[PDB]
Amino acid sequence: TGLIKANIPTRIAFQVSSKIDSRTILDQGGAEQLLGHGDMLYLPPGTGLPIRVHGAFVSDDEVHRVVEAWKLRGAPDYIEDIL
Amino acid sequence: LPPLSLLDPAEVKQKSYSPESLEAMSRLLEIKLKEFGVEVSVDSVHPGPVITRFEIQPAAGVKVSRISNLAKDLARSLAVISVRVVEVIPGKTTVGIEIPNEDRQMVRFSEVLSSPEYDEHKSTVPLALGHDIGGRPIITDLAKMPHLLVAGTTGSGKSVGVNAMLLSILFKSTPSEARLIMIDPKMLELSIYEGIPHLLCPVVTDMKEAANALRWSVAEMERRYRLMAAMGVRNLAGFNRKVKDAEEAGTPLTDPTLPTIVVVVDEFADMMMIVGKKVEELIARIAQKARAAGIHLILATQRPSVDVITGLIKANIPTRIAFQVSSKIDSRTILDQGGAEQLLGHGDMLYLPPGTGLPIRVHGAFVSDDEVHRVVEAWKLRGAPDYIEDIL
Amino acid sequence: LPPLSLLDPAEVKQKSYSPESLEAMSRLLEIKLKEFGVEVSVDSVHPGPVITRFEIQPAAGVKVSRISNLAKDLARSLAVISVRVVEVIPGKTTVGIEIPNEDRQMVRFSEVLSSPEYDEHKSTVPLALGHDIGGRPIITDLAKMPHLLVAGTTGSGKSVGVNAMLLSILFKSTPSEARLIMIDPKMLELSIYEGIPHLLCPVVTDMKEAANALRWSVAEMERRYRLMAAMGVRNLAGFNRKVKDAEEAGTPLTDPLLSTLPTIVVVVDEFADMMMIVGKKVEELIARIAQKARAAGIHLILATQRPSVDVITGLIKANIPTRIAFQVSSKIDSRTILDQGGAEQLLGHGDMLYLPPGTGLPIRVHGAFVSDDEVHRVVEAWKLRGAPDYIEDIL
Ligand SMILES: Nc1ncnc2c1ncn2[C@@H]1O[C@H](COP(=O)(O)OP(=O)(O)O)[C@@H](O)[C@H]1O
Ligand SMILES: Nc1ncnc2c1ncn2[C@@H]1O[C@H](COP(=O)(O)OP(=O)(O)O)[C@@H](O)[C@H]1O
C-alpha cells in the first residue's frame, strides 16, 4: 500500500512481469527487463538510479553445511512469550 | 488398473499438407502482408495438428507491434477465425505467426498416452493435456505445479479438460497412491465417477457440505503436517519412501502409507457466490500449505471476471490454463499476459507453467463421455467403493 | 392441441427488391464509400425482409476500422436510420454491412409457425422467435438455452417477444408437460393469462410476494433433485421416458419418499423493479436457481428494461449465458448484455440480437410481431381444456 512502501525506503526488485509492477515497487520503469535467476535492481537508500546487481547463487547443500556447522558449535535459545 | 486399450485407438489419418500447399500459403502470407504497411519474409514452416506455425524474418526497419495490430486484418485476408501472433521466440530473430488449418484434426487420447514421456513418467499425479503445435506430447506433473486454474467461455471445453485430468490420474493409479474428492456445484458431468475406489465422499452437489469437505481438507492438512513433523520428513514423497522402506524390513511404523489426495473443484464461481468469502479463504489456506501436503487443487471457472478470480485466489496458484476467453481484458485478467483472446476453441490450452515464461499453446485430447463410462465400469468391477462417514 | 389457426393469415406481399434497384444501390454504396477514404469492391448481396445483407471485398491495404469508424457518417448518407457493420463473416474474406431497407414487412408469427422446422422440434418447450437476415426461421429449444436474458430500452419490443415466446410455448404443449408461473412487477399486460389449465398460481404483484414464489421454486427444485437421485436417472427427460416404460403395460410406482413432472417455466417481466424493491434476496435466489435449474426442468426467463450494470451484474451473468438483446441506445450497454459490441446499431420494432449458448457469434433475429388480439383469442380457445388448478403452497 502507500503505508508500507512509504515507510521502507530501500527495496530490491527481482524480475517482475509488468512495467506497472516496476512502477509499483520501484516507482520507476525498470523491473520488467531482467533475466530471472537473481537479476536484481537495487534501489539504494536515498535516491538515484537503480543499480543492477546480480544475485549470488547458493545451493541447499552449502546451506546444509552452514546448518551443521552451527549445530556443532551452537545451542538453542528460545522465548516462550513470543509464541 | 485397466489396460490403456479400453478407449479409442489412434486416428488412422493424416492429411499431409503438401510443400506445394505450404509454399503457396507462404507466398500468400507474404503478399497479403506486403499489401498492408509491413514488409515480410517467410523462411520456415512447421505444420501441426490444429495450426501451422510460420516463422518470419521480417524486413529491416519494421517493428513488431505493427504486426500485432494486424490480427483481424490478416484473419479476414486469410479466411480463418483468428491469427495468433507470437511476438518472441528465443534463440532466433523470428516473429511467430500461427494460422489454423483447413481440416482441424482431432487429438485422440490414446495417442496422448502413447508417449514415452507418459509411459516412463512415474509421479503419481500426471495430467496428460495433449499435443503441442508440433505434435509433441505434453504431460505436466501436478505434484510440481501444484495447483492450476482453468477458465474459458461456457462450453469451450472446460469440463473436457477436467475429464482428461481425471482419466490421466486413473490410468496411473491405485487407491493407495492417489485419492479423490470431487466438489461440483452442478452435478452435470463429474458425477459419472461416483463409485470408484479413489473417492472419499460422493460427488458433492450441495455447496454447504462442500464447505464441510473443505474444512475437512484443511483439518487433514494440519493433521498430516503434524504426522510428518512427528516423523521428521519434509514433504510427502520422501515420507512415503521412508515408510515403505521401513515396511520392507518388516515393521510398519506405528502411529503417534499416505495417499496423494487430489481435491478438484469444477466451477468454483458458484462456490464463491453462494457461500461468501470464507470459501475463498479456505482456498487461500489450502493453496498456501499444499506442496508438501500432497493435497493438490484443480479449479475451473466459466467466468474469468475480476470479482471471481480475485487476488486471493490468484495469490498462491502459479500455474494457469486458459481456453478461449472472450476478450483481452479477461486474458490480462487470468493469464496476467495478453493473448488468450485469439485461440480457436474446442480444447485450446494456453498452458502456463510456474515461472516468468511465455505460455505454451497445447491442445486437449477429446475424451468422450463413453470412454469415461468405460473407465467407471472398469474400476467399479476392479475396485470396491470406499468412503468416510463423518467427513462432513 | 389448438390447430394452426387463430393466427393472422400471412397476407400477400411482393416487394422483393428486383436486382435492377439492388445493383443501383450497390454502385451507390461503392461511390458513397469511395467519396470517403476507402476503396471498396462490392461482391454479392443477400436481400432480406427487413435489412439487406451486403458483402464488401475491400481493396489491398485497408483495415476494418476504416469502415467501422464511419458507420455514423455513412448512415447520414444513405437515407437510413443507422447501418450495421459486421467485421467478420464465417469463412469468406468479406466485411459485412447490413443496410436498413425502407420498406419492411412485419414478420408474421404464422410464418414462423408454418415452418417445417417448427413441426420437427421434438422438445415440448420450443422458442419460436422469427426469421434471420436471410428470412429463414430461427427457432430455439428452451431445454438447451438453459436460461434467457432479455434487454431493450422501451425500444423495439420487450413485452412483445416475451408474449411471442409464451404463445409459442402454448401452441405445442399440454398442461401435463409444461406449466408456467409468471411474476408481474407492473400489472399491465400478462394479467391476461388467468384462466388457462397450465398456470400454477395467479398473477404475482409484490416483490415480497414474489420471494415466496421464488422460494417455492427453490424448494420444488430441491425435492425434484431428491426425487431424481432416488430414481438414479440424471435429468427430467430420461425420468419421463422411464415413467413411460415403467407404467406402460402397468407397473405401479407412487410415493418414492404419479405422472410426468411438468417442465416448469418461470418468467419475469421487469427484473429491474424486482432488484430495486428487494435488493439482496432476489439476486442470490436467482443465481441459486440459475445454478441448479437446468437438470431439474425448472427454467427462468428474465427481462430487464434497463441495461445498467446496477441490474445486470456478474451475479445474474453467473449462469445465464444465452442473451437476447433488443435495440439499446448505448454501446456501453451493447457490451453490457453481449460480450461483443454493436447492439446499438439496430432498427426497432421487433429486432433482437440472439446470442446463442456459448459460442460468440451474434445471430440477428427479426422477432415476430404478434398482436394482443391473438393473445386473448388463444387464451379463450385454450380455456376449454380446463380450470386454473393451483398449488397454494407457493405463497
Ligand atoms: N478436443 C475437442 N474436440 C472437439 N470438441 C471439443 C474438444 N474439447 C472441447 N470440445 C467441446 O467443448 C464442449 C464442452 O464444454 P464443457 O467442458 O462442457 O464447458 P462447460 O462445462 O462450460 O459447458 C463440447 O461441446 C465439446 O464439443
Ligand atoms: N415488428 C414490429 N412492428 C411494429 N411494431 C412492433 C413490432 N414489434 C413490436 N412492436 C411494437 O413496439 C412496442 C414496443 O413496446 P415495448 O418497448 O415492449 O414496451 P415496454 O418496454 O413497456 O414493454 C410494442 O408495444 C409493440 O406493439
# chains A, B, ... in the order shown; residues from 1 in each chain; ligands from 1
call {"tool": "select_by_dssp", "arguments": {"residues": "region 38-76 of chain A", "states": "helix (DSSP H, G or I)", "output": "number ranges by chain"}}
result
A: 60-72
call {"tool": "residues_near_ligand", "arguments": {"ligand": "ligand 1", "cutoff": "6 Å", "atoms": "only C-alpha atoms and all ligand atoms", "output": "PyMOL selection string"}}
result
chain B and resi 106+154-160+302+346-347+364-366
call {"tool": "residues_near_ligand", "arguments": {"ligand": "ligand 2", "cutoff": "6 Å", "atoms": "only C-alpha atoms and all ligand atoms", "output": "count of residues only"}}
result
12
call {"tool": "select_by_dssp", "arguments": {"residues": "chain A", "states": "strand (DSSP E)", "output": "CSV table (one decimal) with N, CA and C atoms, in the first residue's frame"}}
result
chain,number,residue,atom,x,y,z
A,11,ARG,N,14.6,-0.9,-1.3
A,11,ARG,CA,13.9,-2.1,-1.8
A,11,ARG,C,14.6,-2.6,-3.0
A,12,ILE,N,14.5,-3.9,-3.2
A,12,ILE,CA,15.2,-4.6,-4.2
A,12,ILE,C,14.1,-5.4,-5.1
A,13,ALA,N,14.1,-5.1,-6.4
A,13,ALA,CA,13.2,-5.8,-7.3
A,13,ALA,C,13.9,-6.9,-8.0
A,39,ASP,N,18.4,-11.5,-10.9
A,39,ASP,CA,18.8,-10.3,-11.6
A,39,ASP,C,18.1,-9.2,-10.9
A,40,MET,N,18.9,-8.5,-10.1
A,40,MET,CA,18.2,-7.5,-9.2
A,40,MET,C,18.3,-6.1,-9.7
A,41,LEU,N,17.4,-5.3,-9.2
A,41,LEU,CA,17.6,-3.8,-9.2
A,41,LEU,C,17.7,-3.4,-7.8
A,42,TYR,N,18.7,-2.7,-7.4
A,42,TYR,CA,19.0,-2.3,-6.0
A,42,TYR,C,18.6,-0.8,-5.9
A,43,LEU,N,17.4,-0.5,-5.5
A,43,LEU,CA,17.1,0.9,-5.3
A,43,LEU,C,17.7,1.3,-4.0
A,51,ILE,N,20.6,0.4,-9.2
A,51,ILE,CA,21.9,-0.2,-9.5
A,51,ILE,C,21.7,-1.7,-9.8
A,52,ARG,N,21.9,-2.1,-11.0
A,52,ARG,CA,21.7,-3.5,-11.4
A,52,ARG,C,22.8,-4.4,-10.8
A,53,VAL,N,22.4,-5.3,-9.9
A,53,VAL,CA,23.4,-6.1,-9.2
A,53,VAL,C,22.9,-7.5,-9.3
A,54,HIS,N,23.8,-8.4,-9.7
A,54,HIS,CA,23.4,-9.8,-9.9
A,54,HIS,C,23.4,-10.5,-8.5
call {"tool": "interface_residues", "arguments": {"of": "chain B", "to": "chain A", "cutoff": "9 Å", "atoms": "only C-alpha atoms", "output": "compact mmCIF listing (two decimals) with N, CA and C atoms, in the first residue's frame"}}
result
# COMPACT_ATOMS: atom_id res chain seq x y z
N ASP B 336 -2.40 -12.88 -16.80
CA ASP B 336 -1.52 -11.76 -16.47
C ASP B 336 -0.64 -11.38 -17.65
N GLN B 337 -1.18 -11.58 -18.85
CA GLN B 337 -0.47 -11.54 -20.11
C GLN B 337 -1.51 -11.58 -21.21
N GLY B 355 6.67 -19.67 -13.29
CA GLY B 355 7.88 -19.02 -13.74
C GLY B 355 7.60 -18.01 -14.83
N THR B 356 8.45 -17.00 -14.94
CA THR B 356 8.27 -15.91 -15.90
C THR B 356 8.58 -16.47 -17.28
